[PDB]
Amino acid sequence: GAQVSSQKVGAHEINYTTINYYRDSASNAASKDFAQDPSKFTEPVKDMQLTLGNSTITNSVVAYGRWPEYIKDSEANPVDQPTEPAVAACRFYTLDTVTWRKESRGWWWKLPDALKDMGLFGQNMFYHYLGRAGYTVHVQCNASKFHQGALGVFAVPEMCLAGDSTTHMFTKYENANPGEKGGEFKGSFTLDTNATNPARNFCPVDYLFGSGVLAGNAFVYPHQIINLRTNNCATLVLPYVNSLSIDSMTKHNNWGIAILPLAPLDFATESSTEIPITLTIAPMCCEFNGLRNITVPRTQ
Amino acid sequence: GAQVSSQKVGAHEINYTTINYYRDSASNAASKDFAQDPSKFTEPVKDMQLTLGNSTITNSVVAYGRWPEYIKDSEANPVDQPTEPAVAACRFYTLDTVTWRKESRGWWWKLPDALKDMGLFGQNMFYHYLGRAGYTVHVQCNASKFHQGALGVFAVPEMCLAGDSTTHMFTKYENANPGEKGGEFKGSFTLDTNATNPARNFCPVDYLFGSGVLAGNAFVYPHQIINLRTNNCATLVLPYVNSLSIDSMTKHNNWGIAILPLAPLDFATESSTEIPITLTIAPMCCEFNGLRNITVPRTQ
Amino acid sequence: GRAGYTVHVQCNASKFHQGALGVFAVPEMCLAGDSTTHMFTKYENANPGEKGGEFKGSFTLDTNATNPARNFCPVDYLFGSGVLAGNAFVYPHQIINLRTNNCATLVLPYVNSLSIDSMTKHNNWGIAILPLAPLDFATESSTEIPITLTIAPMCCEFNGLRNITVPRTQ
Amino acid sequence: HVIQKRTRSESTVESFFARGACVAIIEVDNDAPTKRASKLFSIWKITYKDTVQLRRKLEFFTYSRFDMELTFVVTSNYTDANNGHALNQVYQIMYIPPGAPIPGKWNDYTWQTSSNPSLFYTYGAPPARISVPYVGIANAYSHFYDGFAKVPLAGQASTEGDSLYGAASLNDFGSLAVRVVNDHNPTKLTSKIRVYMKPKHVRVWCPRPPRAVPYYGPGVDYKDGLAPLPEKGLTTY
Amino acid sequence: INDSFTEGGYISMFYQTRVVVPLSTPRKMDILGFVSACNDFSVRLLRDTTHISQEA
Ligand SMILES: CCCCCCCCCCCCC/C=C/[C@H](O)[C@H](N)CO
């Protein structure tokens, strides 16, 4: 059972044979213009009015070109019946509005963490052992034609943020899951030296994107730019991304949302100018498994 | 003469060849819901009135799902004609009744040892060099609807019991073959320190099942439970089990019967309560070889 | 909100116990009050939750005009609504006779003048358990056996999602 | 509905025993025979009961039938710094089936091995290896034997007819004799041959509950570790 | 092993009703528990066990 493959000859003066000797395939040797070869990695658009449940919204990227979907029967690990709340949980929830000033270094949120106290979605999340959902994130920021500024919105799978102490991986659960308030990036790294009552919080540096990588490369993640001269809003459609078909929503945050001011806010000649940014997130294709008594995580 | 087999590929970036170089196959490399995959290892039932010879009995397991059978001509080691007593030996013999109290730790017997003095079966056993037989073991224990208690009956092939001394394998033949009286399990291990006149007897600890294994796992052996609220009796059909098609019945005991109180006996409010347990064993498909003068083993 | 139910009443006792329970599922089970004021039972007392309430052997009038209890006074032989208890068998029902059976299962469809209503305002069904034959045992005058209710809502469907309702309590 | 594509390939009895388990550490010496503290040859009664792990795995079942792959890992060292050095050693491993003459000296006639299978191993080479078929005189190997090799008969004295309980010639596979073939260097060398045993082409019968207390001897005896289980509350998760 | 990230959950037993016996009957009784695997059960990565050890 010999495999006769062809070689690619370079310097000329053409087939090579390979035979597998082991039953386990892990023992085998390795076999080896503007158009984007990886069209799915260049933030493909949905190519209006988005209605989910009883919520309606009137610049849309699909992360990795993959729309949210339910678990295939071929890839279902759990065996118990899945709860699908449907319109009850799959609807747009509006988080607390943040304020963009000339001095803002950026904001961040975690999903599903930011929606843990959002109507029936939070109830289903805390009542079940396993949960899964994609998202539609709508960032809203409007300003006059005389305002200038640009925001970069990034959806990062496994958005791990650096700590603030010499102790590695020391950020406690409460500070890593702030909820809908989220957190803010910082312009510099400040080390927490309070060995008695350590803050045990993140210290996400903006130009390091909070994880030791240059912010300029954050555009490799699914992203959208809100340039105030052009558009008001940004829509990101995030499919469920994980190494598992379904996981624990309380333990693990599948996505992170980062908003960084790429161009600082400015207006006329008023040094005092602030415009709100409003996030509206709708979970999509929710499904839960493992119903039992409700989880009540520790707070503060 | 190459063998081209298929691999099961895991991590993908599929056949492997094997050739035997030696004449001896021992030189070869290895080639590699409620429904029970091993139906025969989960104590299958006979799915009334059992009549054998002139004996009749009015919850039946077939050990390993294998009914007793005669030696196939394909698997006959001895060449002399086999003696098959038939109804003369294949009949139900009733052993001495034991007493189950609140303090009993259990009872044990060996087969064919327990039937060595039973009518013509014992005569045939002691007159022949080789003997073979399966068994039907009927344990009988009846009590009122106001009694509570459970007995586990286990048929163990090669039921070797631990000794009582620092000397290994020191139990003498007389103590290892008590006959129809059998022996009793103990609640604790007591070391025999009489170096002058050692008892040379077993010390079977009940929770160790007398062989250094946890009693809870004894259910892997063929077994039946007599739960006093449910059933009176237990029937175990044991085929001949051995590494040989036929062996010496005087040297080797093919089966062991163990009765352990899984739930202690109790009744109303009488702390003094005892109920008999009666064993009735019928050898099945008996066949003997090598007739000569009768064996008379040493006693006491 | 809308839903049917499966109600499983469980009560087990020895073969030497005697007693019978009548389990009745009553649509629009309205219970009489305890005052001269008509229809004066307040929302909190009319919706006790899983603890429910108990029938009484006699009607006691609430005369506390200052702090009225505003509670039901369901008389057992009047079935709590001015009807003779013997006729309660016209409602869907099941008898747990201790000599015969341990439990009772009642499958209740959604019953109402509307296809769907407010679950907080309106109770579609009422469950009544009355001792038809008193409990007794051997010669112990002190004997008690538990009764356990297990209810599964069925074919649930809800409409009109908004912020959560938080009804007043106590 | 879930598509359940999980296999039990690694839990087959073949995969369960598809490993090389160490059953013996045989110690031999290369030294002047005038020295009395040095053992110039070693005899090991072949068995799997000198160690516990493979024994416990095998005793999950009552009967077994398999071929056996033996691998030999040989290590050596100087026992002294002075007295010079040594040249590469050659080891003879002679299989002595029951009945064959047993060497009494490291250099007697038995090492001619005219009929006994012998394995010559050169130090520094990859570990030696050989295969053996199923060589039981019965139709399967008996991991347990509830009987005796002798039946004491009425009349004969208590000394006669006595045999160890559970001991039979079903497990009499002979021994391994090991020696260094080189003549002694002016310096003493100590070597250890580790024997790794792999059952292959395996079949098993009559599963048993595994050993729960420390093994005590070649039988089923137990003496010391008779409280294997820890304390845990009845209603403590 | 005991691992928080792959913990399996909890099992418990409760009285739904109580246990009822008549007179002249034992008021205390025993229950036994058994555990087995279903036919969809599999294991991976054979390893040495901690339930057996050999001193010396
Ligand atoms: C040629 C010299 C190297 C040594 C050759 C060794 C050959 C003799 C080894 C075969 C004897 C062992 C056969 C297998 C027996 C097992 O230990 C047990 N009976 C398994 O139950």
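Below, chains carry the letters A, B, ... as their sequence lines are ordered, and counting in each starts from 1. In what follows, every heavy atom counts, from backbone to side chain, and hydrogens, waters and symmetry copies are set aside.
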Heavy-atom distance under 4.5 Å between the side chains of D/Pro209 and B/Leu214, does that happen here?
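SC-SC contact between D/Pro209 and B/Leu214 ruled out.
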
Looking only at heavy atoms, which two atoms of [X] and [Y] are closest? And how far apart?
X	Y	value
B/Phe41	D/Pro207	CE2-CD, 3.4 Å
D/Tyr63	B/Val241	CE1-CG1, 3.5 Å
B/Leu244	D/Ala138	CD2-CB, 3.3 Å
B/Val205	D/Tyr222	N-OH, 3.1 Å

Could you walk me through whether B/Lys172 and D/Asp162 pass the salt bridge (charged side-chain N to carboxylate O under 4.0 Å, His left out) test, one step at a time?
CA-CA 7 Å; B/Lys172 60 177 180 176; D/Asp162 189 357; over 6 Å; no

Measure the spacing between [atom1] of [X] and [atom2] of [Y] and express it to the nearest 0.5 Å.
X	Y	atom1	atom2	answer
D/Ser142	B/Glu158	OG	CD	6.0 Å
B/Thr171	D/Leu164	OG1	CG	10.0 Å
D/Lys150	B/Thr250	NZ	OG1	14.0 Å
B/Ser27	D/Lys200	OG	NZ	6.5 Å
B/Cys160	D/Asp146	SG	CG	4.5 Å
D/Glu14	B/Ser31	CD	OG	7.0 Å

Which one, D/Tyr215, D/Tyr145, D/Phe144, leads in non-hydrogen pairs under 4.5 Å with chain B?
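Looking at each of D/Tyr215, D/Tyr145, D/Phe144 in turn, D/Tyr145 comes out on top.
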
Proximity breakdown for [X] and chain D, heavy-atom pairs closer than 4.5 Å:
X	answer
B/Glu75	neither
B/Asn28	both
B/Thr166	both
B/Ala63	neither

Mind running ring-ring contact (aromatic ring centres under 6.0 Å, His included) on B/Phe170 and D/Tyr165 for me, showing each step along the way?
CA-CA 6 Å; B/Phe170 202 50; D/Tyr165 168 71; over 10 Å; no

